[PDB]
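Q: Protein chains in written order, with UniProt numbering: chain A, 59 to 252; chain B, 206 to 716; chain C, 1 to 21, 36 to 183, 208 to 225, 242 to 267, 296 to 487, 511 to 632, 656 to 667. Starting off with a structure, shown below.
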Amino acid sequence: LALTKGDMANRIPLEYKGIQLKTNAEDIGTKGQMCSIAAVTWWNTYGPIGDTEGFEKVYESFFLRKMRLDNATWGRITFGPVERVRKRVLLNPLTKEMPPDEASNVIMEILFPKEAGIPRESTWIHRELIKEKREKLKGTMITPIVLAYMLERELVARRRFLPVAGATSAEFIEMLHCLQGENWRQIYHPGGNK
Amino acid sequence: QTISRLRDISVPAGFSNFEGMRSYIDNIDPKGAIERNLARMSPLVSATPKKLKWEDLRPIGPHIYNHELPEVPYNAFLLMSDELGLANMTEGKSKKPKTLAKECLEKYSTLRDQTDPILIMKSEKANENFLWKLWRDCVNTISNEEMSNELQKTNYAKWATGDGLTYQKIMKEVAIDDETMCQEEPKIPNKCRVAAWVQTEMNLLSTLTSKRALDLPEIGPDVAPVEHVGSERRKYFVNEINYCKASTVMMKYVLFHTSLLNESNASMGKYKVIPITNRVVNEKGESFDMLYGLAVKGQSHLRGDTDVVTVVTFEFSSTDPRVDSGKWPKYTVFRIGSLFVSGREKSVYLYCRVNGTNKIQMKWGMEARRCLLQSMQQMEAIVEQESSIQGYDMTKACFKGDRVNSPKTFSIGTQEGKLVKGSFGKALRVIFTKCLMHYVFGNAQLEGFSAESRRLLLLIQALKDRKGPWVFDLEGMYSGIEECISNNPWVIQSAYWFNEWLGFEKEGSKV
Amino acid sequence: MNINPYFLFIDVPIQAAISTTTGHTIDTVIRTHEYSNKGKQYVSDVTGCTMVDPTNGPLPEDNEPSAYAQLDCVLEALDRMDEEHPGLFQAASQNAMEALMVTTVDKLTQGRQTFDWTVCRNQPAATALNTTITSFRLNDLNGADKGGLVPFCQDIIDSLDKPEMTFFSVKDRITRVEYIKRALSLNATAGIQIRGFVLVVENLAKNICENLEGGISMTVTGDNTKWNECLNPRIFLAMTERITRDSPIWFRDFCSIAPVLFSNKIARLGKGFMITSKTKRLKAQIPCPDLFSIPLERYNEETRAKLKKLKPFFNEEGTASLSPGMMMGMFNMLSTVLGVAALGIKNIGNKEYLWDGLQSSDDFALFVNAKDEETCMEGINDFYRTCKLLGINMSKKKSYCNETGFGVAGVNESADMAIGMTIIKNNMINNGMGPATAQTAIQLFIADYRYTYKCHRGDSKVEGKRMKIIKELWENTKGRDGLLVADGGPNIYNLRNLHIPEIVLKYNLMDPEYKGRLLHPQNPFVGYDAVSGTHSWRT
RNA sequence: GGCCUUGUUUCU
RNA sequence: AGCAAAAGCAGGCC
């Protein structure tokens with residue numbers, strides 16, 4: 059619970075209503091002074107204002123999941139026994155489908171345009187995907203590990219075995235626990251775009 | 206090339222060279238190998254199963270009925286049927302427990318300085334003149350604002366919580382000539398009789414009091430029908446246990462273990478004092494700050510996971526120590542006072558136990574609200590069996606009665622050898638306090654008995670459904686059961702309840 | 001009023017109440047070696063230690079577990095297995111042939127418990143390959159320059175022939215035999247020097263196994307006792323040489339190594355035990371290597387009664403060798419191959435019986451199709467005898483023949522919330538946890554968390570140095586619901602809203618300038657799924 | 001005989 | 001003293 063050096067240690071206060079917020083010494087691993095958790099609430103109540111661009115832009119698929127929840131319709135609760143099939147199905151509805159090694163390479167090309175490498179054929183077909191999100195990431199300074207983690211979350215598939223019955227589409231695979239357990243099923247229809 | 210030598214060294218019995226083993230291993234005949242060994246095998250190496258009958262289901266462990274065995278004690282960590290703390294009133298502001306103690310005892314200052322002790326049931330090693338001075342200096346360090354929980358350096362806790370009672374480790378080459386250096390023996394479990402009072406504690410931690418000390422944080426709203434029926438069953442259950450007494454027991458234990466571990470971390474050598482607290486609301490909404498107890502913790506440098514610290518647990522009591530004297534052989538009983546609480550007499554005896562815990566028991570005690578889940582899913586399996594009989598949501602057939610299924614009477618107790626039928630809420634209280642008392646005095650022998658008796662329960666189930674199982678070793682199963690029924694008071698009384706249940710299935714299974 | 005908690009079972013069926021229905039080391043060694051004391055006992059010469067062997071011993075005359083098994087019965091059992099497997103030995107051999115060419119040394123890092131060769135204790139395979147590099151590349155071993163597993167295994171099976179060795183532990211130089219046996223011994243550990251080899255034979259067994267499968299029918303259900311403690315590596319080697327008999331010569335050169343090193347596996351003798359001077363009040367500790375070097379009369383009855391049977395298999399340097407054994411299972415699918423091969427015989431003597439039992443792990447379940455009930459009796463008898471012929475023992479104690487028919514995680518705030526919710530999510534989806542149980546598990550988790558970081562509701566009557574600022578924010582904002590739980594406010598979960606993090610569920614009702622105070626990119630303290661923000665911080 | 005990691009561990 | 005049936009704990013360092 060250390061802090062970045064400089065004016066960063068001056069936008070929080072030192073002591074607020076008796077409570078401590080920070081220290082005054084120096085550490086030995088990253089060579090800084092510690093903080094409180096009252097600091098992490100003080101910034102939420104009384105800090106400087108940020109901006110709100112990019113934070114909407116880089117997370118969209120879970121907003122799609124949100125509106126898929128909020129546009130869904132339910133049906134009848136059922137009873138009685140069920141029969142299941144232990145099947146490896148895609149868990150979440152992926153955005154686009156691509157191999158992960160070349161996917162990591164092309165998002166590394168997005169990260170480093172001058173250190174991208176050679177224009178390959180996968181880079182040539184994905185260059186419009188490169189540019190149409192390189193225009194999206196302009197208005198922020200979100201850290202590249204956050205960008206790369208959201209990109210590898212939004213682009214790589216997810217296959218595991220599980221018992222399942224009724225439907226097979228990955229929206230239903232995401233909502234199977236609200237569908238059915240072991241003595242009951244629920245008629246459910248997801249909503250919006252899939 | 207030494208690997209080739211060892212590859213020849215792992216020749217089996219019969220061949221010489223690994224090359225000879227290989228030329229053997231690809232150029233030998235398939236047939237004429239196994240049936241000649243079948244003709245060669247002994248006529249005794251067999252299994253020879255055996256059909257299961259009622260008449261071999263003997264009483265499990267009839268050595269409990271012999272009357273020349275000592276009584277089953279109560280050797281748990283706190284007090285369950287005989288709880289008594291003082292009657293308080295505050296607003297609802299969750300204060301510090303120092304102030305809760307400094308409030309509730311200062312309210313009842315009849316017991317402020319009752320410095321006239323009367324020793325009652327002093328045991329074989331507990332001594333009067335360290336406990337009394339210890340307890341009086343302790344409560345003279347609750348009613349002052351010098352600081353929060355601590356003690357002072359005195360000999361009294363240095364006896365009753367035990368400084369210096371470990372050995373000195375010394376290098377082993379001088380541990381050779383001294384002939385006293387001998388290995389220990391295992392702890393000999395003294396066999397013990399049947400229980401005649403734990404039946405009353407299953408009669409008493411299942412009664413509707415006028416108290417409730419359970420909070421659960423809220424969840425979001427719902428629109429789904431599965432969420433409707435889920436919260437429906439949840440609210441019916443939490444309505445039907447909230448006035449049990451074991452809820453008060455549970456929250457005493459959880460707050461106790463939480464405070465215990467948290468102050469053992471936060472204080473390693475300063476001997477703390479923890480108020481045993483459980484706030485309980487009344488029916489109308491008025492709070493009660495019920496203080497019943499004070500603890501004492503010794504020096505607590507805990508390296509691994511079976512370090513232990515001496516937890517002396519004082520606790521004010523109501524019922525006299527003079528009915529079942531064998532139940533309390535580790536119970537020093539001072540006498541301090543008496544209180545006409547509402548009507549007639551109830552006395553003040555504080556029961557200065559000595560005790561100890563290790564960190565697995567503390568961390569496993571902080572988890573002890575989990576038993577709600579096990580009772581809940583047990584109830585869930587019960588009602589899914591019931592709705593498998595009918596066809597739809599049928600807990601509405603349980604609390605009020607639906608179109609086909611009446612609220613069915615559940616057999617719970619038996620009077621003069623004739624069964625009684627408690628209500629559904631009675632049986633759910635029972636299942637809850639069973640999974641609690643499985644925790645309260647639970648050590649490895651209970652897991653052993655349960656994990657071995659599960660097969661016999663499956664067997665008697667299949668016997669009830671006329672399947673007629675076949676068992677290779679009845680004596681193996683019974684030896685596995687009664688190897689460990691020795692000295693934990695839930696285990697033995699579970700075996701007695703088993704023997705009576707088996708007698709009932711025997712007399713009712715005539716058709 | 002006498003009462004009895006077992007009286008549930010008068011009405012509710014018991015099959016619904018399923019939720020409530036060094037010494038170990040030496041005892042395991044004794045239970046292994048005791049099963050074949052009167053078997054064949056050939057003494058080695060590379061170590062010279064006593065090394066007893068249950069292959070091709072005489073047949074026992076009892077019902078107790080054993081380890082006696084002839085060879086050619088196992089060989090022709092696997093031969094008939096191959097007769098039902100047309101080219102599947104060919105398939106698995108070619109599968110390992112294509113798999114072994116691409117073998118690099120990549121598969122070392124997933125070793126959270128893995129023995130090494132210098133530190134003499136367990137490591138999480140972290141400095142394992144690095145220690146191999148710094149302790150072998152000065153001894154002209156060169157595999158990482160190509161990076162492949164195949165030159166590494168070639169010069170490591172050439173490595174034990176080197177008479178001397180030199181490495182930095208300080209430096210150290212030793213001769214050959216301890217360079218062997220220090221790499222041989224197991225503390242239920244394994245060996246990183248043989249972990250790749252046993253992975254090769256393991257995926258061999260994977261390619262072998264993954265494609266596999296009037297008359298009164300009794301049936302059984304049971305496991306097998308001393309299951310690690312009664313098998314043997316010689317049967318393993320004869321098995322893998324039966325498989326590789328159509329393979330090229332290099333494979334039989336290489337596949338015949340893993341049961342060789344399990345054919346000399348030494349065993350480390352735990353921590354130890356202790357003694358007591360009840361008056362002098364001084365103790366000591368007899369460790370792993372120096373058990374017998376003591377007054378042997380100065381132990382209890384139990385340690386003396388175990389050592390009096392142990393001692394004729396005791397290396398003088400403190401680690402006794404077990405020439406049979408498996409030690410908590412590391413050839414699990416391979417031993418499963420052996421077991422399903424034992425099942426696949428399906429007849430002996432051609433009596434009026436037949437088996438159709440199915441595969442499983444060390445446990446099983448039979449399906450015996452015979453003529454009358456007595457034919458089922460004799461068929462179960464000869465099944466037990468034939469399974470006894472392969473060094474396997476059926477547990478007659480834990481079986482029943484019958485007629486046919511953990512709290513909060515604690516690394517941060519936001520991902521802590523996420524990891525708890527996905528634990529309860531997957532626990533709901535896999536084993537069929539009832540929805541009321543998880544619905545309350547949400548509540549018990551929120552109570553756990555709201556104790557863990559003191560983040561209670563501002564409209565409560567809790568106090569604290571943390572909670573006052575939360576109350577201050579509550580009387581400050583007009584955002585009547587838009588907070589996350591580490592900053593007070595409600596929790597808005599249920600059975601459905603599970604796969605979202607916090608902020609990307611509560612963004613819409615959130616306050617503008619509050620979320621601008623939260624999502625400030627100049628956040629100085631920040632350094656399943658998750659969401660970046662101020663709460664995503666570490667120590 | 002001293003040090004073992006300055007504390008508030010306030011369950012509707 | 002007390003706890004607990006992996007031989008341990010009821011301090012270490014100085």
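All C-beta atoms in this analysis are idealised placements derived from N, C-alpha and C, irrespective of residue type, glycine included.
#1: Can you look up residue 495(B) in the DSSP assignment and give me helix, strand or coil?
#2: By the 10 Å Cβ neighbour count, where 16 or more other Cβ atoms means buried, how is residue 134(C) classified, buried or exposed?
#3: What is the C-beta distance between residue 426(C) and residue 95(C), in whole angstroms, given that I count them as a contact (C-beta under 8 Å)?
#4: Does the beta carbon of residue 374(B) sit closer than 8 Å to a beta carbon anywhere in chain C?
#5: Could you tell me which residues DSSP pairs with residue 221(A) in its beta bridges?
#6: Helix, strand or coil for residue 32(C), going by three-state DSSP, please let me know.
#7: Are residue 249(C) and residue 89(C) closer than 8 Å when you measure CB to CB?
#8: Using a Cβ-Cβ distance under 8 Å, would residue 632(B) count as near chain A?
#9: Tell me the start and end of each unbroken alpha helix (DSSP H) in the segment 400–478 of chain B that is at least 4 residues and wholly inside, in chain order.
#10: Return the CA-CA distance between residue 267(C) and residue 537(C), expressed in angstroms with no decimal places.
#11: Would a check of beta-carbon distances place residue 120(A) closer than 8 Å to chain B?
#12: Which parts of the segment 109–157 of chain A are runs of the alpha helix (DSSP H), unbroken and 4 residues or longer, counting only runs that do not cross its ends?
#13: Can you tell me whether residue 31(C) is buried or exposed? The criterion is at least 16 other CB atoms within 10 Å of its CB, across all chains shown.
#14: Assuming contact is defined by CB atoms lying nearer than 8 Å, are residue 622(B) and residue 503(B) in contact in what I supplied?
#15: Residue range of the alpha helix (DSSP H) that residue 102(A) falls in?
#16: Which class does residue 223(B) belong to by DSSP, given the choice of helix, strand or coil?
#17: Distance check for residue 516(B) and residue 439(B), CA to CA, integer angstroms please.
#18: Tell me whether residue 437(C) sits in a helix, a strand or coil according to DSSP, three-state version.
#19: Which residues of chain C have a Cβ atom closer than 8 Å to the Cβ of residue 385(B), listed in chain order?
#20: Secondary structure at residue 675(B), three-state DSSP: helix, strand or coil?
#21: How do the segment 352–363 of chain C and the segment 242–256 of chain C stand: do at least 3 beta-carbon pairs fall below 8 Å, yes or no?
#22: To the nearest angstrom, report how far apart residue 3(C) and residue 397(B) are at their CA atoms.
#23: Closer than 7 Å to a non-hydrogen atom of the ligand ATP - does that hold for the CB of residue 366(C)?
#24: What residues in its chain sit with their C-beta under 8 Å from that of residue 177(C), if we drop five residues either side in the sequence?
#25: Residues in its own chain within less than 6 Å of residue 318(C) by CB, not counting five upstream and five downstream?
#26: What are the uninterrupted segments assigned as alpha helix (DSSP H) that are 4 or more residues long and contained completely in the segment 96–151 of chain C, given in chain order?
#27: Roughly how many whole angstroms lie between the Cα atoms of residue 64(A) and residue 455(B)?
#28: Is there at least one Cβ from chain B nearer than 8 Å to residue 230(A)'s Cβ?
#29: Whole-angstrom Cβ separation of residue 302(B) and residue 562(B), contact assumed at under 8 Å?
#30: Does the segment 575–583 of chain C come close enough to the segment 407–417 of chain B to have 3 or more Cβ pairs within less than 8 Å?
#31: Tell me, please, whether the segment 586–600 of chain C touches the segment 104–119 of chain A by the rule of three or more beta-carbon pairs shorter than 8 Å.
#32: Examine chain B for any beta-carbon lying closer than 8 Å to the beta-carbon of residue 49(C), and answer yes or no.
#33: Using the Cα positions of residue 561(C) and residue 662(B), report the straight-line distance between them to the nearest angstrom.
#34: Just to check my reading of the structure: residue 641(B) and residue 576(B) have Cβ atoms closer than 8 Å, yes? What is that Cβ distance to the nearest angstrom?
#35: Cα-Cα, which of 605(C), 616(C), 622(C), 629(C) is closest to residue 128(A)?
#36: Which two residues bound the contiguous alpha helix (DSSP H) that contains residue 216(B)?
A: The relevant details are as follows:
#1: Taking the second sequence and counting its residues from 1, one reaches residue 495(B) at position 290. Strand, per DSSP.
#2: Counted from its first residue, the third sequence places residue 134(C) at position 120. Exposed, since its Cβ has fewer than 16 Cβ neighbours within 10 Å.
#3: The count along the third sequence starts at 1 and reaches residue 426(C) at position 344. The count along the third sequence starts at 1 and reaches residue 95(C) at position 81. With a Cβ gap of about 5 Å, residue 426(C) and residue 95(C) count as contacting.
#4: The residue you call residue 374(B) lines up with position 169 of the second sequence. Answer yes: the Cβ-Cβ gap between residue 374(B) and chain C drops below 8 Å somewhere.
#5: What you label residue 221(A) is simply residue 163 of the first sequence in a count that begins at 1. For residue 221(A), which the question treats as bridged, DSSP gives the partners 144(A).
#6: Because chain C is numbered 21 and then 36 with no intervening positions, residue 32(C) cannot be located in this model.
#7: To locate residue 249(C), count along the third sequence from 1; it is residue 195. To locate residue 89(C), count along the third sequence from 1; it is residue 75. No.
#8: Stepping through the second sequence from its first residue, residue 632(B) is reached at position 427. Not an interface residue.
#9: 403–409, 430–446, 451–471
#10: For the purposes of this step, residue 267(C) is identified with residue 213 of the third sequence, where counting begins at 1. For the purposes of this step, residue 537(C) is identified with residue 432 of the third sequence, where counting begins at 1. Each residue's Cα considered, the two are about 27 Å apart.
#11: For the purposes of this step, residue 120(A) is taken as the residue at position 62 of the first sequence. For residue 120(A), the answer is no, since every Cβ of chain B falls outside 8 Å of its Cβ.
#12: 113–116, 119–128
#13: Residue numbering in chain C breaks between 21 and 36, and residue 31(C) falls inside that break, so it has no position here.
#14: The count along the second sequence starts at 1 and reaches residue 622(B) at position 417. The count along the second sequence starts at 1 and reaches residue 503(B) at position 298. No, the Cβ-Cβ distance between residue 622(B) and residue 503(B) is not below 8 Å.
#15: Taking the first residue of the first sequence as position 1, residue 102(A) is located at position 44. Its alpha helix (DSSP H) spans residues 96–104.
#16: Taking the first residue of the second sequence as 1, we reach residue 223(B) at position 18. In the structure shown, residue 223(B) sits in a helix (DSSP, three-state: H, G or I).
#17: Taking the second sequence and counting its residues from 1, one reaches residue 439(B) at position 234. Taking the second sequence and counting its residues from 1, one reaches residue 516(B) at position 311. Cα to Cα, residue 439(B) sits roughly 37 Å from residue 516(B).
#18: Within the third sequence, numbered from 1, the residue matching residue 437(C) stands at position 355. Strand, per DSSP.
#19: Numbered from 1 along the second sequence, position 180 holds the residue referred to as residue 385(B). In chain order: 359, 360, 361, 362.
#20: Your numbering for residue 675(B) matches position 470 in the second sequence. It is a strand residue.
#21: no
#22: The count along the third sequence starts at 1 and reaches residue 3(C) at position 3. The count along the second sequence starts at 1 and reaches residue 397(B) at position 192. Taking the straight line from one Cα to the other gives about 21 Å.
#23: This structure lacks the ligand ATP; in fact it carries no ligand of any kind.
#24: By 1-based counting over the third sequence, the position of residue 177(C) is 163. The answer, listed in chain order, is 213, 214.
#25: Here residue 318(C) is taken as the residue at index 236 of the third sequence, counted from 1. Correct list, in chain order: 341.
#26: 102–115, 142–150
#27: Residue numbering aside, residue 64(A) sits at position 6 when the first sequence is read from its first letter. Residue numbering aside, residue 455(B) sits at position 250 when the second sequence is read from its first letter. Spanning the two alpha carbons is a distance of roughly 51 Å.
#28: Taking the first residue of the first sequence as 1, we reach residue 230(A) at position 172. Not closer than 8 Å to any Cβ of chain B, the Cβ of residue 230(A) fails to qualify, so no.
#29: Walking along the second sequence from the start, residue 302(B) turns up at place 97. Walking along the second sequence from the start, residue 562(B) turns up at place 357. Their Cβ separation, rounded to whole angstroms, is 19 Å, which puts residue 302(B) and residue 562(B) out of contact at 8 Å.
#30: no
#31: no
#32: Stepping through the third sequence from its first residue, residue 49(C) is reached at position 35. Not closer than 8 Å to any Cβ of chain B, the Cβ of residue 49(C) fails to qualify, so no.
#33: In the third sequence, the residue the question calls residue 561(C) occupies position 456. In the second sequence, the residue the question calls residue 662(B) occupies position 457. The alpha-carbon atoms of residue 561(C) and residue 662(B) are separated by roughly 46 Å.
#34: Counting from 1 along the second sequence, the entry for residue 641(B) is found at position 436. Counting from 1 along the second sequence, the entry for residue 576(B) is found at position 371. Rounded, the Cβ-Cβ distance is 5 Å, consistent with contact.
#35: Mapped onto the first sequence, residue 128(A) falls at position 70. Nearest of 605(C), 616(C), 622(C), 629(C) to residue 128(A), Cα basis: 605(C).
#36: For the purposes of this step, residue 216(B) is taken as the residue at position 11 of the second sequence. Careful: residue 216(B) lies outside any alpha helix (DSSP H) and carries neither H nor E.
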